[PDB]
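One structure below.
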Amino acid sequence: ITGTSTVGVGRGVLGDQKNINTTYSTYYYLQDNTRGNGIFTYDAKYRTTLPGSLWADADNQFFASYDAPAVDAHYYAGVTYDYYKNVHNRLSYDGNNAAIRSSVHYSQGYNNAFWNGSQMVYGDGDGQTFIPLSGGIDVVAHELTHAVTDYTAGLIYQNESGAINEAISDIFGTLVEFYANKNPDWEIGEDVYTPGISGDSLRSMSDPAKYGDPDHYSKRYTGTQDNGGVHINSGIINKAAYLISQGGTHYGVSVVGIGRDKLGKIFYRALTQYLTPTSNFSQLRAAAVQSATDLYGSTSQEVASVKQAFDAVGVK
Ligand SMILES: O=C(O)C[C@H](NC(=O)OCc1ccccc1)C(=O)O
Ligand SMILES: [Ca+2]
Ligand SMILES: [Ca+2]
Ligand SMILES: [Ca+2]
Ligand SMILES: [Ca+2]
Ligand SMILES: [Zn+2]
C-alpha cells in the first residue's frame, strides 16, 4: 500500500524485542519499504486461504502474543534479504528485487512452513512439536532460499535434485543464521522445535545421523516417501557443506575447512551458474569443483577441500 515508511517495535516468538520497518496509512502495516520492492507480511487468521490480509496494527507496537510470529517473519525476511544483497550481490529472490511476501497464522496447529511458488507461509505449530515457525531465522531463510532456487537452478523437487534443493535451503538458512550472529549453529530449526526438550533440532548438518539422516551416499534412501527422500538425503550434502566449511575427518577421509564465507561463495556460484533442474549429486560435486576453481584457482586449497568433502560422503 501507499503510505509513509515508519519504524515499529515489537517482540518476537522467543520474547526478544526488535524494531521493524512498517508503513503508515491510517493503520501501521507490516510493509518494509527499505528493501527492494518491499517486504510484506500477512495474517492468514488460522485459515488456509492465502495470502490473507496485509498485517495491520493500530499503534505500531507489536507486543501481543498474536503479533509475535508476524514480527519474526517480517524481521527475518529482512535479514535474509540483507544477506543475499550484502554477501552475494543478489537483489531479492529473483535478482530483480521482487516483493517478498509471507503469511503467518496459517491453519491450526500447523507444524510446517513452506514456499508455495509465490510466497512464504508459516504455521503456528501445535506447541509440542513446534512453536510458531517464523521464530527460527534458519527456517525463514530456508524458505526464502526455496524461492532463490526456483529462480536459478530450478532443482526439481524429487530424488537427488530434490535433496540438493533441500540442502541448498539448509545451507543458506544456516549461513543467514551465522550472518545474524545470534546463537548460530549447524543445526536446523532448533529455535522453534520441541519447546519441551532442550538441545535438539529437526536436522543436523554437523551430524545428520543424529536425527536418522544419511551422512554418506552408501546410506541414501531409495524409496518413494518424502518425494524420494528430499529431507533425508539432504543430509549427505549438508554434511559435505559442513565439512567444506569446518573441516573434519569423516569415514576416514580428512577435509581441511575453508570457512563459511568461502562455502557460501562456492555454493552460491554453483547454484546460480552450474546446477540445472535435473542435477544429481555427482553433478553437484562437479558444479562445486568448477565454482571453487573459478573463484580460487585449480591448485587452490578451496578446490582440494571441495573434493575431499564430497569424497568423505561418498559422492564421486
Ligand atoms: O515439508 C514441507 O511441506 C516443506 C518443508 N517445511 C518444513 O519442514 O517446515 C518446517 C521447517 C522448515 C525449515 C527448517 C526447519 C523446519 C520445507 O521447507 O522443505
Ligand atoms: Ca499494536
Ligand atoms: Ca541457533
Ligand atoms: Ca540453526
Ligand atoms: Ca527443542
Ligand atoms: Zn525445504
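Going through the C-alpha cells in order, the chains are called A, B, and so on, while each chain numbers its residues from 1 and the ligands are numbered from 1 in the order shown.
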
Counting only C-alpha atoms and all ligand atoms, what are the residues of chain A within 10 Å of ligand 5, and for each of them which pair of atoms is the nearest and at what distance in Å, to one decimal? Sort the table by chain and rising number, as a Markdown table.
```
| residue | atom | partner | partner_atom_place_in_ligand_line | distance |
| --- | --- | --- | --- | --- |
| A:128 | CA | ligand 5 | 1 (Ca) | 9.1 |
| A:129 | CA | ligand 5 | 1 (Ca) | 8.1 |
| A:130 | CA | ligand 5 | 1 (Ca) | 8.2 |
| A:131 | CA | ligand 5 | 1 (Ca) | 9.6 |
| A:189 | CA | ligand 5 | 1 (Ca) | 8.6 |
| A:190 | CA | ligand 5 | 1 (Ca) | 5.9 |
| A:191 | CA | ligand 5 | 1 (Ca) | 7.1 |
| A:192 | CA | ligand 5 | 1 (Ca) | 6.9 |
| A:193 | CA | ligand 5 | 1 (Ca) | 4.6 |
| A:194 | CA | ligand 5 | 1 (Ca) | 3.6 |
| A:195 | CA | ligand 5 | 1 (Ca) | 4.7 |
| A:196 | CA | ligand 5 | 1 (Ca) | 6.0 |
| A:197 | CA | ligand 5 | 1 (Ca) | 4.2 |
| A:198 | CA | ligand 5 | 1 (Ca) | 4.6 |
| A:199 | CA | ligand 5 | 1 (Ca) | 5.9 |
| A:200 | CA | ligand 5 | 1 (Ca) | 4.9 |
| A:201 | CA | ligand 5 | 1 (Ca) | 6.1 |
| A:202 | CA | ligand 5 | 1 (Ca) | 8.7 |
```

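Restricting the atom set to only C-alpha atoms and all ligand atoms, one finds that the residues within 6 Å of ligand 1 amount to residues 112, 113, 114, 139, 142, 143, 188 and 189 of chain A.
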
Take the residues that were just selected and, keeping N, CA, C and O atoms, output them as an mmCIF file, in the first residue's frame.
```
data_model
loop_
_atom_site.group_PDB
_atom_site.id
_atom_site.type_symbol
_atom_site.label_atom_id
_atom_site.label_comp_id
_atom_site.auth_asym_id
_atom_site.auth_seq_id
_atom_site.Cartn_x
_atom_site.Cartn_y
_atom_site.Cartn_z
ATOM 1 N N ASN A 112 4.497 -26.835 10.239
ATOM 2 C CA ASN A 112 5.184 -26.732 8.986
ATOM 3 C C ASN A 112 5.294 -25.272 8.512
ATOM 4 O O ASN A 112 4.550 -24.389 9.014
ATOM 5 N N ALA A 113 6.221 -25.022 7.604
ATOM 6 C CA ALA A 113 6.397 -23.769 6.892
ATOM 7 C C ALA A 113 6.691 -24.181 5.459
ATOM 8 O O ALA A 113 7.185 -25.279 5.249
ATOM 9 N N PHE A 114 6.438 -23.284 4.519
ATOM 10 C CA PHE A 114 6.680 -23.610 3.110
ATOM 11 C C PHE A 114 6.759 -22.371 2.243
ATOM 12 O O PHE A 114 6.313 -21.281 2.634
ATOM 13 N N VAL A 139 14.771 -21.221 9.595
ATOM 14 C CA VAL A 139 13.548 -21.621 8.937
ATOM 15 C C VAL A 139 13.129 -20.591 7.876
ATOM 16 O O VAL A 139 12.817 -20.924 6.743
ATOM 17 N N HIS A 142 15.602 -20.653 5.059
ATOM 18 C CA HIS A 142 15.386 -21.916 4.341
ATOM 19 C C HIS A 142 14.265 -21.705 3.320
ATOM 20 O O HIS A 142 14.408 -22.033 2.132
ATOM 21 N N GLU A 143 13.147 -21.149 3.762
ATOM 22 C CA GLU A 143 12.027 -20.934 2.876
ATOM 23 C C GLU A 143 12.325 -19.912 1.785
ATOM 24 O O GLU A 143 11.958 -20.159 0.618
ATOM 25 N N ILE A 188 19.366 -27.412 12.377
ATOM 26 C CA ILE A 188 18.224 -26.827 11.652
ATOM 27 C C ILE A 188 16.966 -26.861 12.461
ATOM 28 O O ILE A 188 16.480 -27.938 12.838
ATOM 29 N N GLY A 189 16.457 -25.649 12.758
ATOM 30 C CA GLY A 189 15.182 -25.499 13.432
ATOM 31 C C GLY A 189 15.127 -25.531 14.927
ATOM 32 O O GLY A 189 14.032 -25.509 15.494
#
```

Show me which residues line ligand 4, defined as having an atom within 7 Å of a ligand atom where only C-alpha atoms and all ligand atoms count, and present them as a list in words.
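The neighbouring residues of ligand 4 are, in order, residues 138, 174, 177, 184, 185, 186, 187, 188, 189 and 190 of chain A.
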
Can you write out the residues you just picked, keeping N, CA and C atoms, as a short mmCIF file (atom, residue, chain, number, x, y, z; two decimals), in the first residue's frame?
```cif
data_model
loop_
_atom_site.label_atom_id
_atom_site.label_comp_id
_atom_site.auth_asym_id
_atom_site.auth_seq_id
_atom_site.Cartn_x
_atom_site.Cartn_y
_atom_site.Cartn_z
N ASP A 138 16.75 -19.61 10.70
CA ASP A 138 17.14 -20.66 9.76
C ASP A 138 15.93 -21.19 8.97
N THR A 174 21.40 -21.75 7.33
CA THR A 174 22.46 -21.73 8.32
C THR A 174 23.40 -20.53 8.12
N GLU A 177 21.75 -17.59 9.43
CA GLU A 177 21.77 -17.61 10.90
C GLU A 177 23.12 -17.14 11.41
N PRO A 184 24.30 -18.85 16.67
CA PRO A 184 24.39 -19.61 15.40
C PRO A 184 24.95 -21.01 15.62
N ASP A 185 24.54 -21.93 14.73
CA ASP A 185 24.95 -23.32 14.79
C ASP A 185 24.71 -23.96 13.44
N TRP A 186 25.11 -25.24 13.33
CA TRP A 186 24.93 -26.02 12.12
C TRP A 186 23.76 -27.00 12.28
N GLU A 187 22.82 -26.65 13.15
CA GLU A 187 21.58 -27.38 13.38
C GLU A 187 20.41 -26.67 12.69
N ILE A 188 19.37 -27.41 12.38
CA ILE A 188 18.22 -26.83 11.65
C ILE A 188 16.97 -26.86 12.46
N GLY A 189 16.46 -25.65 12.76
CA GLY A 189 15.18 -25.50 13.43
C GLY A 189 15.13 -25.53 14.93
N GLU A 190 16.30 -25.53 15.54
CA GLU A 190 16.39 -25.66 16.97
C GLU A 190 15.63 -24.59 17.77
#
```

For the helix (DSSP H, G or I) assignment from backbone DSSP, which residues of range 117-204 of chain A qualify? Please present them as a ChimeraX atom specification.
/A:133-135,137-151,159-180

Give me every strand (DSSP E or B) residue in range 56-204 of chain A, going by DSSP on the backbone, as a ChimeraX atom specification.
/A:56-57,61-62,100-106,113-115,120-123,130,187-188,193,203-204

Counting only C-alpha atoms and all ligand atoms, which residues of chain A fall within 6 Å of ligand 2, and what is the closest atom pair for each with its distance in Å at one decimal, ordered by chain and rising number, as CSV?
```
residue,atom,partner,partner_atom_place_in_ligand_line,distance
A:57,CA,ligand 2,1 (Ca),5.1
A:58,CA,ligand 2,1 (Ca),5.5
A:59,CA,ligand 2,1 (Ca),4.8
A:60,CA,ligand 2,1 (Ca),5.4
A:61,CA,ligand 2,1 (Ca),4.2
A:62,CA,ligand 2,1 (Ca),4.7
```

I'd like a table as JSON lines: residues in range 4-68 of chain A with an atom no more than 7 Å from range 72-86 of chain A, each row giving the shortest atom pair and its distance in Å to one decimal, only C-alpha atoms counted, sorted by chain and rising residue number.
```
{"residue": "A:12", "atom": "CA", "partner": "A:72", "partner_atom": "CA", "distance": 5.3}
{"residue": "A:13", "atom": "CA", "partner": "A:72", "partner_atom": "CA", "distance": 6.8}
{"residue": "A:20", "atom": "CA", "partner": "A:75", "partner_atom": "CA", "distance": 6.1}
{"residue": "A:41", "atom": "CA", "partner": "A:74", "partner_atom": "CA", "distance": 5.9}
{"residue": "A:68", "atom": "CA", "partner": "A:72", "partner_atom": "CA", "distance": 6.4}
```

Considering only C-alpha atoms, state which residue in the set A:213, A:261, A:126, A:43 is at the smallest distance from residue 71 in chain A.
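Smallest separation from residue 71 in chain A among the options: A:43.
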
Using only C-alpha atoms and all ligand atoms, can you tell me which of A:136, A:297, A:8, A:257 comes closest to ligand 3?
A:136

Write as a PyMOL selection string the residues around ligand 6, taking 12 Å as the cut-off and counting only C-alpha atoms and all ligand atoms.
chain A and resi 112-116+120-121+138-150+155+157-158+162-173+188-189+202-203+226-227+229-232+234
